[PDB]
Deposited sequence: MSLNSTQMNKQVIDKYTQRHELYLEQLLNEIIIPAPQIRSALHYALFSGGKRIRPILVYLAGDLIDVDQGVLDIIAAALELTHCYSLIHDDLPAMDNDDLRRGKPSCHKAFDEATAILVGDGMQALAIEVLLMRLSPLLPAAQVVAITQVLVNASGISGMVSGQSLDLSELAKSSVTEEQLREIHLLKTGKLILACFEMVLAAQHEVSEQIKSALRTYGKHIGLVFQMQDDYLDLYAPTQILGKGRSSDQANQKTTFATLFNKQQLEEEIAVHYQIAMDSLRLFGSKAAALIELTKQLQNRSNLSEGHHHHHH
């Protein structure tokens, strides 16, 4: 009943987000029609939009304008999707397929896949700088754009993916290195949802900052724990380092920490709690 109301809040965020991306793409001057077509193809591959959903939900918690959350969600989804297209390339993960359809470089060509990835990374910065300027002071525009580029660059995602491709091949890798790799590759951009939202206000409570930072950290880690779990149950991963009921144990523990950090917000977090329960339920076998 209130499960029904909460799922609809999430669904309305998803549909709002996807509509906003269409409008945004249409508003950009793109002299090469192949870039426009491949961008659309890439951006609409059936992604679950978890990074936008988190931006809206965490943004609701601290009452930022949904117009602002529209910009931030778009930026992150563009960044995330650029990385997917590049990761799919033959030189990296070499994925012929993404979900149902062929992957970007198969539906178009490799050059187009590379260039589109390059363009979406830039577009995400363009979108923040041009559309956050009328809604927010310039120092706030700088601060949140900083967060994205810190997390996505050589200090984060770029190093993390490099290490994902090189290190995981051999069996010299420790749990500590695996955790570090995943924190850089996925963990930091998941964090960036919460950091970019927090950087919309001047002075947020330190208890609120810490609660969202705890949720972000532990949700980002546990997704990967869940991914490795599912991979093997439905060379070295979380499934190699932990056994069946041990990796299961880790899943529940990190979800509980994530759940507990939201107790501060009480009623206001019921939709985020509901999302967290669905995400946890992806492994309820």
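Asker: Numbering the deposited sequence from 1, which residue ranges have no coordinates here?
Answerer: Unmodelled stretches: 1 to 3, 238 to 253, 305 to 313.
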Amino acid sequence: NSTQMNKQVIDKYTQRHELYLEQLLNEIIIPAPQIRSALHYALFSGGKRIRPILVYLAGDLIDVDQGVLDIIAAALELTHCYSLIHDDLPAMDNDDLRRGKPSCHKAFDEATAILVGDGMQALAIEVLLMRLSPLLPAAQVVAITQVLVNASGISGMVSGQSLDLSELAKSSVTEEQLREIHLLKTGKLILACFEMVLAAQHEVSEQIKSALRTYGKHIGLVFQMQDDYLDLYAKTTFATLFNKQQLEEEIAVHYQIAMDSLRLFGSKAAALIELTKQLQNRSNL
From here on, numbers count along this sequence of modelled residues.
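Asker: For the stretches 116 to 124 and 170 to 178, which has the higher mean C-alpha B-factor as given in the deposited record?
Answerer: According to the PDB entry, the answer is 170 to 178.
Asker: Read off the CA B-factors in the entry, average them over 195 to 203 and over 125 to 133, and name the higher stretch.
Answerer: Stretch with the higher mean C-alpha B-factor: 195 to 203.
Asker: Of the options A151, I208, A107, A73, which has the highest CA B factor as deposited?
Answerer: Largest recorded C-alpha B-factor: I208.
Asker: Test of reading the entry: by CA B factor among the chain's modelled residues, which third contains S45?
Answerer: Its C-alpha B-factor belongs to the lowest third of this chain's values.
Asker: Among the modelled residues of its chain, does the C-alpha B-factor of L232 lie in the lowest, middle or highest third?
Answerer: Highest third, going by the recorded CA B-factors of the chain.
Asker: Taking the values exactly as deposited, rank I29 by C-alpha B-factor within its chain and report the matching third: lowest, middle or highest.
Answerer: Lowest third - that is where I29 ends up once the chain's C-alpha B-factors are sorted.
Asker: Taking the entry's C-alpha B-factors for this chain, is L97 in the lowest, middle or highest third?
Answerer: As the PDB entry reports it, the C-alpha B-factor of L97 lands in the lowest third of its chain.
Asker: Among the chain's modelled residues, which third holds the C-alpha B-factor of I53?
Answerer: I53: CA B-factor falls in the lowest third of its chain.
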